[PDB]
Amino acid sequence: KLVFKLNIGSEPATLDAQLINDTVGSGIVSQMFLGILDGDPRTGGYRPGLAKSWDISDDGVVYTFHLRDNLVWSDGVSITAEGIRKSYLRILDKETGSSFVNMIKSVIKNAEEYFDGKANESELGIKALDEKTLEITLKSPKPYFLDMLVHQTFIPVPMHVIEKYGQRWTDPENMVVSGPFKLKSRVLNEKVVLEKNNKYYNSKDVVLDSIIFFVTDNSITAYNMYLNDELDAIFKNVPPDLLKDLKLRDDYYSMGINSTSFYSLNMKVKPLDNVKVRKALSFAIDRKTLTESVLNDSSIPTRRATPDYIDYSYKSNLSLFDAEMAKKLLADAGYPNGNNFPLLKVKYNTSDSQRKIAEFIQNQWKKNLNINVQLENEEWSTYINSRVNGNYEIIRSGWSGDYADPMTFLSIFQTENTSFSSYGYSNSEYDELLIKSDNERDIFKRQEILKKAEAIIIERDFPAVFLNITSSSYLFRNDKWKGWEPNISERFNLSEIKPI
């Protein structure tokens, strides 16, 4: 058996692509389910997946995907355009409770109306033109739609098996898949074992028989296993304290990614409803010291809410840190030298890295503002539940881009999506700028509209304390394996791994 073993850093909450909203579930599920387009492991872009090619109408709204021949799920049942269509119908069912459904509704013609019970199934912009032909009609043109199809919310799921098994469909014995690996087994809070799926259209190029995802929040345990030849790799979850040493090693990798770190603020929890308080917290953090002395990675300290992209890049003149101005705002808010500031709880996901960051933040607020916060860790599933349901006061947060356009970031601050940013934030001028950007076909005009929306959250409203643009760290046994490399979107195809 060729077995590749890695630590990914936390137990996934769900392996159901239409319910996953998190990078752990996403990274695993992407090894099992082929999208209409697939991720390009070399660039972090997209490439043919279930569809071998596609057409786009002259007006840019109608996409027509031509499926490759002999597509089957892992139980041999054919993947037809009608099966994919039925898959989209499930995520547009209110009863499924997909927390990402807004991404589908904002893109596809009549998806919102269908979801709300106002349009016939036949009027939805997803059609099976024949067995090997799927048509998707967009609400308005979107140059990043193709790259969007790689995101798990858009990945088709096996409706014959969901129909049958319901809530149990993702169990090892029931799950059937379309990609390079199937789900062999699972030990809760310990392991997810994948095995080669023979029916994958390109199983030809899959040399590994098995991949084992080792779960653990303890980076030291993971690191000791890796030093004793029991892990082939550790993605992201490296010991934050040993980073000075790791950089010197030949099996260490590092890259700037399309991912941000920020702390969300519950606008319904006082005094976080006070813009001056929010501004004080943001200006009271020394961002440069955080990236150079605590992360010590190469993360970019920033007041920005989005990474830069080819069509969306600029240098904000914005101060990374101002303790005097922070104090002044806090005094004007009614808490001079911190007097009468309440004891707020800062939540973060169990993680050695996140702990260290939270402790630095705690210390910045104590030292620069003379306010006290209490730290509190949650296991990954509980942490996600807390963010989504607003069950927090301050919570370590951030976002990994789901597609190659600043909208993936700016979207989480739209009123309806603040499950993924700061609970209860709503600025109708912001919302309206985003709507405008969806309707502006000129790339440079759109850029300017986006910049005015971002300025509202980063210079005016401060719904969150934006901290940096992330760089992730990895260990990978490049003396044993090839066929893996970091990329800007962390879109990995571990089936391309081979021994040297």
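The first residue of the shown sequence is 1; numbering continues from there.
For the pair 414-422 and 229-237, the mean B factor over Cα atoms is greater in 229-237. Relative to its counterpart among 338-346 and 246-254, 246-254 has the higher mean temperature factor, C-alpha atoms as listed in the PDB entry. Across the options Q152, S316, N391, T137, the residue with the most elevated CA B-factor in the record is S316. For the set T291, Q362, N385, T80, the maximum C-alpha B-factor listed in the entry falls on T291.
In the deposited entry, the Cα temperature factor of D438 places it in the middle third of its chain's modelled residues. Per the deposited record, the Cα B-factor of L188 falls in the highest third when ranked against the other modelled residues of its chain. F444: CA B factor in the highest third of modelled residues in this chain (values from the PDB entry).
When the CA B factors of the chain's modelled residues are split into thirds, the value for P141 lands in the middle one. Sorting the modelled residues of the chain by their CA temperature factor places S122 in the highest third.
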